[PDB]
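Comments concern the structure below.
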Ligand SMILES: CCCCCCCCCCCCCCCCCC(=O)OC[C@H](COP(=O)([O-])OCC(O)COP(=O)([O-])OC[C@@H](COC(=O)CCCCCCCCCCCCCCCCC)OC(=O)CCCCCCCCCCCCCCCCC)OC(=O)CCCCCCCCCCCCCCCCC
Ligand SMILES: CCCCCCCC/C=C/CCCCCCCC(=O)OC[C@H](COP(=O)(O)OCCN)OC(=O)CCCCCCC/C=C/CCCCCCCC
């Protein structure tokens, strides 16, 4: 993994030693090169993982997430260079440094082989994100959003640290391979219930679970565009990856302890879709759609079948790409009219045609439209939930109907109708914005073409 | 065709009736088939002849990897990590092979249904029974292990099944 | 007023100075080369080359190997009258049940 | 190799070809619509060839060309089913689409985005072909949702029209309920059969159960606009007339009927689901014809006629006659497409007027559209030897001669009478009498494109039924023996509807005025279903979306419980701890208390 | 001139040399885990006449 880790730690001095007008060019070029290099991790084995060394390993679950992170960095660079034109050179370099540090921490998190190193890295990811939000947010509410995000994550994760050190003391190791091979059943006791609770609650807060999700609209709406892109695409996937990793040692207690979380996930999926139906803010609508999709992922992980894990992985990758694209589109609209209200700008199809096309494709991917990997993951999760019980189909159908409703509501509100008469500063779409949308959308279709790369180790 | 094994993928002998026309009207199907053979089949055949001639000049071979058998989780001692690793890898490979066996049987079933057409309920009874037996065995082997399945869990399931069978036999003999 | 504060500046349009602007940089040459490097590297290199690399990634998952092994096992078992799928994963003789 | 598979896949691929040319100078020029129409005609002939291959020896095949992915023991591959249904419906759909595209070349000449319009029509055709030829449930669902989204895009063709946007979203909503049913069926089939392909589904489901068959029925009702999910089809007239003619009425609303046809072995194995299908079809056809007989918008009348014919198809499926339903699908496609084209010609010639109260005099004003619409209405009502005779008459005979629901049979007969009634209404109010349109007469139907497209769909409305019925192999036992009065029942009820509707329409000329009846108000306002069911449930869902989930729970109580209460407690404790006057006497008294407590209570 | 180009574009080798150094360190880490090389029951075999190790 060092062949990918070291180039990021070299992106840092390159950023700090490049000229004032070349930082964006150099960062974008070398981020794309690092993504291409990280594309070689997809060649996985059918029996076991890729164990590079004692510290890092790669799997069919880690590889797509690493490729997604490395691909997401240059898009964030493009959006940031869009909205940071008047910044000073030092502060531009500091923002790029925060993005580079976040990518490095995410890579090491996804490839960490021990649970304690994984904990350290996935908690280290908070500092760059908090700095980015509370420093380069546009509105006043960025401070409150950062406080909510930080304290939700930490109040979730500290019992996880205590549980991890306790598990190391009890079993002798936190190495994932050892704990998978030497796993023993978890007896029904209060102590085991609370250990299960500590681990699962940490990752549920990271997911987020319904009832533990207010920090998500707070942070996603108030973060800058790059922060919004990284928060939805990758940082929400740390919880799912962790749950798919820790649940090895949590059996058979997961059969009985998963009921409240499954009920919360399903009902809150319905409730957050309904909330999306009545959102006066576009960023909030995108954030709540993210909440619903991650609730579906939680359902998959909790039912915990080989068909559910593949759907969970595919849905995580698809949601990352789609949510990043939606945030980018909404940010272009915001950079036009300097307001996040959905009904402020209308007729954007007659004012900007190709952006209307990008909106249409993004909305069609947001709802499960076959044969997109979004639909692949959602359908696998729905089939696994059907095998689990036969009213989950009722809940999933309701959620799909509401998802289509609010996605097309957003599309029709923003793009169709007649333009606002007094808004006369909507310049034609930039080549940079069009390229950002194309780079968001084409890999999703190629993944649709080749779907076994994002179905996880259970494939 | 020698591409696949006729025993692994059986095909009933093909019985095609001879044409027995009763009218002097020409056959548009025959005329269009002649046109198709003249215009498409001959050009594609010539192109494939050239391509195969190019392939024959650079003949090279690839091989099927052979894995020797290794001791399984039953023979492995407790917390003997190396033996457990080898046994788990072997169990995973066998699981994949069994999945592909079930796939082969299902392909047989689908092909026979399509082939027999309107008489499939009777003529495909042989392929339905093989599928029933294969699926029963595969389900008994790997039915409800979970997302974190392993050779240890499958062995525990087999032990539980053996205990149930022993108890049933004892109760029957009692 | 309560402070000596700057007025809120007017929004800056990149197309006013440079009609053929790609939206990357104020400087025309820098903006053009930013567009060129982004398009070339991203689209051509990453998309095309990574897509064909992933398409032609070697069969390290042993899907075709498993299919050939299954073909051999089915042939052998149906030739000798043995069941196609064995009843047990392990050997009951090697398994020792409690009394 | 057999040319069958090659020619079928070639038809599909050459259909997909012009979409690749949508990024070219030809797409930037004015020759793109003619290019697409020519491609569709060539595809029609190339699909006619395998139809000849089937009608000779009954050749049927499945083609699994490309393997997609293997979910352990389940293999998903790109497979096509080229059987009787596919090889018969493909040429009919291609012929209809060719005629519609020529009619649109004439009709949509003033549209700035005629090239995009033709691209969307071709994309819908491709998705419908995918749906028809799909061999497994996943590919069938691909075609399902593809035609759904293409319908959504084409209904909202004029993006500035709020009514068009509402109609498109309404169609999406009802089709999403249908998709709930579809996904239920897919999940059940995979879980209980380890397959998504028709071969293994048919093999393993010897007695198919209520849950999968009701899922299929719900999907079919949603896609075919049966009662309960019907209103989106008449509302789908917001799109341009070519869209209404090709997509909805002829080829896309028959998607649910086709889905039920494709699982006819399972439908045979079940009986309760067959009864449910029969009752749903009967109520649908009766209610939609009853609503049709009193509409003043010609497109609305034709849409309700299409809904009634779909209900008749569902009735045919419910009596275990799957092949008659397919025959009626073909015949109805022909004559309903021609009827929609005639109504569109009338609308264009009268300056975008769609009101029969403003039409009139067109019998002699527009000769060729008049004769075409008369022939289509005679075929629609089952003229004893036209294209609609070879399907509707057999359907009625099968309904009368079977062990059916008595109410379903009665409603089917009344629906046939009302079909005659609304056809008479259209003819009487659009062609007979004196003009009622504005004085500036711009009537001109002398365009070769329009004339030739209507001609091609007119030869089918007369002869295609005879050819198709005499060339397909016998797939059902005929009802040879029956009473003479039951044999003539369809004709008798058709003539009675003709006569009663003609008399009622003739009474309009009297200088007599009377306020409308309650039955008239119920029929004209669509049974009040769209009003109540589009205002009450929508209001309640949108009100709960904000009052309860958004404000009460998300913004109030989820904030009050976890984060706000903890912050309040921490602030109170912080104030309590830090609120000290800094007096050494006070905190040294505290020291004394602490020392005493440590000495006594700790041992 | 040429000096200014090198003075400005010398940062474009940092990421490539970091990739090279990462590959080298990956090789170094791999060479420390050679305690079961040609010793697994599955892949144990006899060495060819002109080779010292099975893998590196
Ligand atoms: C909860 C109930 C659930 C019921 C479920 C079952 C429903 C079954 C429905 C059956 C069909 C009903 C058709 C009429 C309803 C629509 C009337 C309407 O609005 O027309 C205006 C509309 C004209 O629109 P417009 O140009 O705006 O004119 C404005 C109006 O003039 C403005 O003037 P208006 O507003 O005065 O016009 C309406 C007025 C004038 O329309 C008529 O009189 C239509 C009469 C149609 C024929 C009925 C007698 C058929 C006799 C057949 C005898 C032979 C049988 C065969 C055997 C022969 C050998 C023995 O109609 C009435 O007053 C009642 C008509 C009958 C209603 C039936 C449903 C009853 C609902 C509950 C009771 C309500 C009673 C009080 C009414 C409300 C409060 C005041 O009429 C038409 O376009 C023609 C209508 C269709 C005529 C032919 C119908 C043939 C099929 C039905 C008869 C059965 C034939 C055999 C079938 C096969 C048997 C085996
Ligand atoms: C299985 C779960 C789903 C079950 C049904 C749930 C119903 C929930 C209703 C959806 C909530 C609506 C949220 C927002 C939707 C879009 C906004 C909206 O209200 O659009 C209104 C729009 C415009 O009305 P117009 O008539 O065109 O008037 C226009 C005049 N210029 O109308 C609509 O599209 C709303 C239609 C919703 C129908 C609700 C009831 C549907 C009937 C379901 C029960 C029947 C089941 C069928 C049984 C099948 C038998 C096998």
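For neighbour counting, all protein chains shown are included, and Cβ atoms are generated from backbone atoms with ideal geometry for every residue, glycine included. Every number here is computed from the coordinates shown, using simple stated rules; none is lab data.
Structure values in brief
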| read-out | value |
| --- | --- |
| Condition check for residue D:564: more than 30 Å from residue A:401 (Cβ to Cβ), within 11 Å of another protein chain (Cβ to nearest Cβ), away from ligand 1 (no atom under 16 Å from the Cβ) and within 55 Å of the chain's Cα centre (by Cα) | yes |
| Segments classed as helices (runs of 4 or more DSSP H), wholly inside the range A:44-151, with at least 3 members that are within 13 Å of chain C (Cβ to nearest Cβ) | A:62-83 |
| Residue within the range D:216-224 that is within 17 Å of residue D:332 (Cα to Cα), away from ligand 2 (no atom under 15 Å from the Cβ) and more than 14 Å from every other protein chain (Cβ to nearest Cβ) present | no |
| Residues satisfying the stated conditions in the range D:503-532, i.e. surrounded by fewer than 13 Cβ atoms within 10 Å (Cβ to Cβ) and within 13 Å of ligand 2 (Cβ to nearest atom) | D:528, D:531, D:532 |
| Residues that are surrounded by fewer than 24 Cβ atoms within 10 Å (Cβ to Cβ), touching a residue at least 60 places away in the same chain (Cβ under 8 Å) and within 16 Å of ligand 2 (Cβ to nearest atom), drawn from the range A:375-398 | A:392, A:395, A:398 |
| Residue B:76 being farther than 20 Å from residue C:64 by Cβ, free of Cβ contacts under 8 Å to residues at least 12 places away in the same chain and within 14 Å of chain C (Cβ to nearest Cβ) | yes |
| Residue match in the range D:181-192 (condition: part of a helix (DSSP H, G or I), free of Cβ contacts under 8 Å to residues at least 24 places away in the same chain and more than 12 Å from chain A (Cβ to nearest Cβ)) | no |
| Test: residue in the range D:429-446 that is more than 14 Å from every other protein chain (Cβ to nearest Cβ) and near ligand 1 (Cβ under 10 Å from one of its atoms) | yes |
| Verdict on residue A:331 being under 30 Å from residue C:31 (Cβ atoms), without any contact (Cβ under 8 Å) to a residue 12 or more places away in the chain and within 14 Å of chain C (Cβ to nearest Cβ) | no |
| Leading residue by the ranking (nearest to residue A:61 (Cα to Cα)) among those in the range A:10-33 that are at the interface with chain E (Cβ under 7 Å from one of its Cβ atoms) and assigned to a helix (DSSP H, G or I) | A:33 |
| Residue that is within 30 Å of residue D:475 (Cβ to Cβ) and part of a helix (DSSP H, G or I), where the choices are D:426, D:375 | D:375 |
| Selection within the range D:511-533 - without any contact (Cβ under 8 Å) to a residue 40 or more places away in the chain, near ligand 1 (Cβ under 10 Å from one of its atoms) and within 22 Å of residue D:305 (Cβ to Cβ) | D:519, D:521, D:522 |
| Residue D:173 vs. criteria crowded, with 21+ Cβ neighbours inside 10 Å, within 14 Å of chain A (Cβ to nearest Cβ), part of a helix (DSSP H, G or I) and more than 16 Å from ligand 1 (Cβ to nearest atom) | no |
| Answer from A:238, A:209, A:214 - the residue that is within 15 Å of residue A:154 (Cβ to Cβ) and surrounded by fewer than 24 Cβ atoms within 10 Å (Cβ to Cβ) | A:238 |
| Residue identified as free of Cβ contacts under 8 Å to residues at least 24 places away in the same chain and more than 24 Å from the chain's Cα centre (by Cα) among A:169, A:188, A:175 | A:169 |
| Of all residues in the range D:153-163 being part of a helix (DSSP H, G or I) and surrounded by fewer than 21 Cβ atoms within 10 Å (Cβ to Cβ), the one that is farthest from the other protein chains (Cβ to nearest Cβ) | D:163 |
| Unmet criterion (only one of (1) in contact (Cβ under 8 Å) with a residue 12 or more places away in the chain; (2) within 9 Å of chain D (Cβ to nearest Cβ); (3) more than 12 Å from ligand 2 (Cβ to nearest atom)) for residue A:409 | (3) |
| Residue D:380 away from chain B (no Cβ under 14 Å), farther than 17 Å from residue D:294 by Cα, away from ligand 1 (no atom under 13 Å from the Cβ) and more than 24 Å from the chain's Cα centre (by Cα) | no |
| Qualifying residue in the range D:397-408 (condition: more than 14 Å from every other protein chain (Cβ to nearest Cβ), closer than 25 Å to residue D:248 by Cβ, more than 16 Å from ligand 2 (Cβ to nearest atom) and not in a loop (DSSP other than H, G, I, E, B)) | no |
| Helices (runs of 4 or more DSSP H) wholly inside the range C:27-86 that include at least 2 residues being more than 12 Å from chain B (Cβ to nearest Cβ) and loosely packed, with under 15 Cβ neighbours inside 10 Å | C:28-37, C:51-55 |
| Leading residue by the ranking (farthest from residue C:19 (Cα to Cα)) among those in the range A:432-459 that are facing chain C (nearest Cβ under 7 Å) and crowded, with 18+ Cβ neighbours inside 10 Å | A:453 |
| Those residues of the range A:173-197 which are surrounded by 17 or more Cβ atoms within 10 Å (Cβ to Cβ) and part of a loop (DSSP other than H, G, I, E, B), in sequence order | A:174, A:182, A:183, A:186 |
| Which numbered condition residue A:258 misses (of (1) within 16 Å of ligand 2 (Cβ to nearest atom); (2) under 23 Å from residue A:458 (Cα atoms)) | (1) |
| Sole residue being more than 9 Å from chain A (Cβ to nearest Cβ) and in a helix (DSSP H, G or I), chosen from E:6, E:17 | E:6 |
| Boolean, residue D:416 is within 13 Å of residue D:489 (Cα to Cα) and either more than 16 Å from ligand 2 (Cβ to nearest atom) or in a loop (DSSP other than H, G, I, E, B) (or both) | yes |
| Test: residue in the range A:297-318 that is free of Cβ contacts under 8 Å to residues at least 24 places away in the same chain, surrounded by fewer than 24 Cβ atoms within 10 Å (Cβ to Cβ) and in a loop (DSSP other than H, G, I, E, B) | no |
